[PDB]
């Protein structure tokens, strides 16, 4: 029941994208928390969140933000837990700024980066699941079923 994955985002405007990560974790029945934590507007909230994540039982953190998307990187700076980053599509640069601001982390503090947008949000959740599956047999089976259904469901020809 206690969250094992924390989904954080820079603002309400990132929800349209991050809701896909939330839906996926719920689909696979992975207990999680979904919050808004801004590295730029609420820096101390982020420091505390990231600093205490492990103690609180979190195993993986999924962070999404757009523009100068420093959220994933700063979260990883305070936690030893794996941090996965989702580049949110920005209005002008279509997430290219978001992507580079997240993936180009200097050696020493990693952030596993996913694709720009909804696909990336969904994949961060799936990646977090594949991580949890390493030590949770039941979930591992559900993840296998999920991947198997994805594969079997692809049509043979277009409509």
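Residue numbers count along the first chain shown, from 1.
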Identify the stretch, either 99-107 or 52-60, whose C-alpha atoms have the larger mean B-factor according to the entry.
52-60
112-120 or 31-39, whichever carries the higher mean Cα B-factor:
31-39
Could you say which of 46, 125, 92, 131 has its CA atom at the highest B factor, as listed in the PDB entry?
92
Cα B factor band for residue 8 (lowest, middle or highest third within the chain)
lowest
